[PDB]
Number of protein chains: 6
Amino acid sequence: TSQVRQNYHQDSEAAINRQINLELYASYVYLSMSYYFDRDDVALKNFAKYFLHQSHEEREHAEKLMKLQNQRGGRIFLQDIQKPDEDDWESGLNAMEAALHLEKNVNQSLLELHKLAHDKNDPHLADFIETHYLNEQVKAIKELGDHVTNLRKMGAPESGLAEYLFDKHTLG
Amino acid sequence: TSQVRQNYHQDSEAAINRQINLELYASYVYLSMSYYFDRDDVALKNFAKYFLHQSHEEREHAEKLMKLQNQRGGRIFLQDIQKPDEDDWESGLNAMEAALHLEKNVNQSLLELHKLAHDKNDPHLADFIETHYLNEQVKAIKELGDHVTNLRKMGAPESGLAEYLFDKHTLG
Amino acid sequence: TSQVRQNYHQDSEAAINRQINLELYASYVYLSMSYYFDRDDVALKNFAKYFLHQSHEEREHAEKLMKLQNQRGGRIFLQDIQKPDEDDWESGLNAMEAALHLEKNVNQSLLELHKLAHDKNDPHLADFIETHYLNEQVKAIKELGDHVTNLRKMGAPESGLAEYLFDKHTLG
Amino acid sequence: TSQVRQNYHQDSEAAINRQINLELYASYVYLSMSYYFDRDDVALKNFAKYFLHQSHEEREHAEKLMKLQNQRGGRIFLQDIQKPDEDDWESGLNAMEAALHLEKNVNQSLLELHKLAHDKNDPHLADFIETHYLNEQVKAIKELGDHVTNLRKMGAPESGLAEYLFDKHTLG
Amino acid sequence: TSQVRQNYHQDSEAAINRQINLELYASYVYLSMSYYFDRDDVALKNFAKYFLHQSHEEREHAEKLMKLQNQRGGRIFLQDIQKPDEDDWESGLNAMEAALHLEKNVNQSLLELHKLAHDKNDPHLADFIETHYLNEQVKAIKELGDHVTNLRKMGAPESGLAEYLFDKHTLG
Amino acid sequence: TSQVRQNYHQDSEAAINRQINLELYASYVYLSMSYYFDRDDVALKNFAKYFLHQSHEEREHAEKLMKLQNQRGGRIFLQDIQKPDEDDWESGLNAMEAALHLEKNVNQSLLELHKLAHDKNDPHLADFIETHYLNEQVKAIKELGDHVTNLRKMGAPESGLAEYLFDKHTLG
Ligand SMILES: [Zn+2]
Ligand SMILES: [Zn+2]
Ligand SMILES: [Zn+2]
Ligand SMILES: [Zn+2]
Ligand SMILES: [Zn+2]
Ligand SMILES: [Zn+2]
Ligand SMILES: [Zn+2]
Ligand SMILES: [Zn+2]
Ligand SMILES: [Zn+2]
Ligand SMILES: [Zn+2]
Ligand SMILES: [Zn+2]
Ligand SMILES: [Zn+2]
Ligand SMILES: [Zn+2]
Ligand SMILES: [Zn+2]
Ligand SMILES: [Zn+2]
Ligand SMILES: [Zn+2]
Ligand SMILES: [Zn+2]
Ligand SMILES: [Zn+2]
Ligand SMILES: [Zn+2]
Ligand SMILES: [Zn+2]
Ligand SMILES: [Zn+2]
Ligand SMILES: [Zn+2]
Ligand SMILES: [Zn+2]
Ligand SMILES: [Zn+2]
Ligand SMILES: [Zn+2]
Ligand SMILES: [Zn+2]
Ligand SMILES: [Zn+2]
Ligand SMILES: [Zn+2]
Ligand SMILES: [Zn+2]
Ligand SMILES: [Zn+2]
Ligand SMILES: [Zn+2]
Ligand SMILES: [Zn+2]
Ligand SMILES: [Zn+2]
Ligand SMILES: [Zn+2]
């Protein structure tokens, strides 16, 4: 037992390890997306920049959980980072839809983590999730839904003009 | 009778109370409009900002009338602020049309207030309305008509692209 | 169903709509109070300023709930804003007592909202209320009780001198 | 009953009074430790500074609880501050171990306070503890465990060189 | 025997330990007073600030004696800090009277310490008390007597107006 | 075939995809190492910082290869990022040895990539590897060997003092 460990259930410890993996997986998905937009035959630089920024943020989300595991006296066990479900993301609209889906899945995992923490009477962990993760997810999900809406309204993905103008005016 | 009251008819006093209500109602309408554009399934941030600014201006219009009522030694009697006629404003074009209609209704009420003031030989009140309210209404009505015109010309509301580009280039 | 909606109960959605109304009603009460102090026969400018500031803060409280409703994928339904229970607020002391009562009523509604959120396992909403609303209410209620105490100690409302000096030294 | 009191159980009130005492006791322990390091026959100035800073922080922790008691309309009842369990703290390593133990005891008391608050449906108090106290304790406990680890690794307390170099390089 | 000890009687050493306790007790009394004025039903913020500042100064007085004990090669033995004689301090005037009494008691203890030092031919200690403590006590006692006088002259404690105006004009 | 593709062999394309994976794997190894040093029972903050910086650099190495794949008109195919060979890195010295081994393995892969490029008469790719990768690897390998040497000379890993002082004086 770690000398710092206090009120920290082993189940919380394991669930943190799984969340770390999931944030690193979200990072990788966004990385993939980013360089899809950099292809010469896609060529939407601001979509690329947008997803690259996202990739870096997800890495940060993972690192703060790793710091938390050590803070609480848990032990980090890393697992493979799975490659994303696609190589080719099809269009700006499709990538934004896939990111929306992803952020809702990350959010469901976090809500389950909070439920676990409250079930184990770990208010430090429950508040950590509340403070640093839950509203961030809500904002990410809203922003992505806003982006989906606009791209749809504009005529994406059929309108190549729609995606070009969105890239310039919303993401740029 | 207030020690400051001078040349101020009771009918003017009551009509000021009604105008206060109407400016607060205009504020609420615009508030409603603003948060319609903030919905994830509408997502036109500059329409939202535009109407939010309008909401705040209308509050100012109401407060200056409330200050005037006290200046003249009248007494403020507030009434309920009615909720707007719609919950869902349909499109940018439709909201701009509804705001145009609203500002013409606020303007008709103000022109009736000025007529009343002149009928009661209250040049202070007539000039207050002239100076602070009438040209403001004329400008608001012109700007809204300009916005309606452009949105129509661009193909709104059917063109989701039209509303997006207007949001970016005119309201943004 | 909104594409962003996640873990958000319909009962939470409706209770947010009711809280929005209540914050707008608190705004209106304070507005009324403010212009009571601006009357020539009351003439306590810093009480007026104090309540006017309060009115504006309450509007902000309402707008942030409206933003939250859209963030979570709920739908805003606005209701009439009821006029306040009084036209004439009697004295500085009486208005401060009435504001105290009001803020405790706003606080009870918020504590009921938090209970609902926790009952629906919505930690995002529970934390939103905690973070942005609960301590604000506690502070407002303390400050108002401090003001009541002092005004009472000084001899308000009978001492017209008491209210004048409080206006100058505490509110000014 | 205080005019500001709302949703505040008497049991919460008493537990806050006990926590105030405990934070003042933690302050005194650290004060004792600090001046142990200032002895001519111990002479580790940065250990002294470290614990003195800690003493001052604990006083702050206590004052913010006293402010909270008054905010909620509870009443402060102070109790004697017990002298610490030792006069002579033996070594840098031993003092750091004793501080670790102390901070885990302060943390257990705070987790019990949070449990009580949640049991009484006092989300204001539960969040106050979360926001201002729980992560602070987690960080303090981590830092102290880090210090214990290093001092042990370096050969403290037998190595007088170890404590000297830690004082200079980690605490200085 | 400490390697630094020189011309330092054991009786001086013990009396320093008792003075340390007394300065920490004075700190606690003032702390209690301060948060009495922060109550919602007392609400005199500048009395609160005044006593809080005093509390912090007394802590400083104690720390400098603890530094002196180590400087001379004496050994610090801390004792419990007794809780103050009251929980409720009644009024501004009463608290100022109680502080006056307290500072005269701290001063009598210091004059006895100086007598002891001179009896033991310890001019370093006698001068330390002279330089750092005696005039400070004289000033504190004068200031407190000045405050008592004014509050009495103004009609405290019956005049709630008197205490309010003193708080604003003398302590604020 | 990409419209930009010129003088770019399919074998080069695949080898770039494998190098991307390897740089992401190097990133993950260093990430693991970093948070090993952050454990309360290891507690070497500058080792942690050193490896964290390394992790971020490796991510950069991978991103520049991904940019290169798109520049040349190749297609990115991402693979899982394998978890590192250890969870527990044992000591500063052991982690530095493991990083040395890793950087020599990354370097062997890069030298094989350069051989392939020259065999396919792709001077753009050969020079890209030369310019951006080969000397970087040489420097990394030298620095790591320098660190191993010093830690060994100092008595690591048995001397807990050795690792502490290296952390402070070389990595800090
Ligand atoms: Zn994200
Ligand atoms: Zn994330
Ligand atoms: Zn796989
Ligand atoms: Zn799905
Ligand atoms: Zn995310
Ligand atoms: Zn919380
Ligand atoms: Zn307008
Ligand atoms: Zn208007
Ligand atoms: Zn109605
Ligand atoms: Zn009409
Ligand atoms: Zn208008
Ligand atoms: Zn308020
Ligand atoms: Zn409010
Ligand atoms: Zn009504
Ligand atoms: Zn009531
Ligand atoms: Zn309020
Ligand atoms: Zn601490
Ligand atoms: Zn503490
Ligand atoms: Zn005792
Ligand atoms: Zn124990
Ligand atoms: Zn502490
Ligand atoms: Zn619960
Ligand atoms: Zn003093
Ligand atoms: Zn003193
Ligand atoms: Zn006692
Ligand atoms: Zn006496
Ligand atoms: Zn004193
Ligand atoms: Zn003599
Ligand atoms: Zn002298
Ligand atoms: Zn490297
Ligand atoms: Zn590399
Ligand atoms: Zn594997
Ligand atoms: Zn090998
Ligand atoms: Zn490398």
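Side notes on the structure shown:
- Within 10 Å of each Cβ in F:159-167, the average number of Cβ atoms from other chains: 5
- Each part reduced to its alpha carbon centroid, segment E:60-79 and segment C:66-117 end up 56 Å apart.
- Using only alpha carbons, segment F:10-102 has a radius of gyration to Kirkwood radius ratio (Rg to Rh) of 1.07.
- Stokes-Einstein D for chain C, Kirkwood Rh over Cα pairs, 10 °C, 1.306 mPa s (µm²/s): 92
- The C-alpha radius of gyration of segment F:76-147, expressed as a fraction of 2.2 N^0.38 Å, stands at 1.34.
- Where only alpha carbons of the protein assembly as shown are counted, the Rg and the Dmax (Å): 35.5, 104
- Neighbour counting of Cβ atoms within 10 Å sorts the residues A:32, B:109, fewest neighbours leading, into B:109, A:32.
- The mean number of partner chain beta-carbon atoms within 10 angstrom of a residue's beta-carbon across peptide C:120-132 is 6.
- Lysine pair count for chain A [Cα-Cα under 14 Å; pairs on different chains or 8 or more apart]: 4
- Net charge over other residues, Cβ less than 13 angstrom from the Cβ of residue D:58 (K, R count +1; D, E count -1): -3
- Per residue of peptide B:68-74, the mean number of Cβ atoms on other chains within 10 Å of the residue Cβ is 3.
- Chain D - mean residue ellipticity at 222 nm from DSSP helices (-39,500 (n - 2.57) per run, n ≥ 4, rounded to 500): -24000 deg cm²/dmol
- Length available on full extension from residue F:111 to residue F:87: 0.36 nm per residue minus the Cα-Cα distance, which gives 5.7 nm.
- Sorted from shortest to longest, the distances between the residue B:67 label points of this copy and the other copies are 2.8, 3.5, 4.8, 5.6, 5.6 nm, with each point 7 Å from Cα along the line through the beta carbon.
- Distances from residue B:87 to itself in the other copies, using label points 7 Å out along the Cα-Cβ axis, amount to 3.4, 4.9, 5.3, 5.3, 7.6 nm in increasing order.
- In chain A, Cα pairs under 8 Å separated by at least six residues give a relative contact order of 27 percent.
- Innermost chain E residue relative to the axis carrying E onto F, by Cβ distance in angstrom: E:38, 24
- Across the identical copies, how the residue B:124 labels are spaced - nm, sorted shortest first, 7 Å along Cα→Cβ: 4.6, 5.5, 6.8, 8.2, 8.2
Every residue, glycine among them, receives a Cβ derived from its backbone with ideal geometry; neighbour counts consider all protein chains shown. FYI, it's all coordinate maths here, none of it is from the lab.
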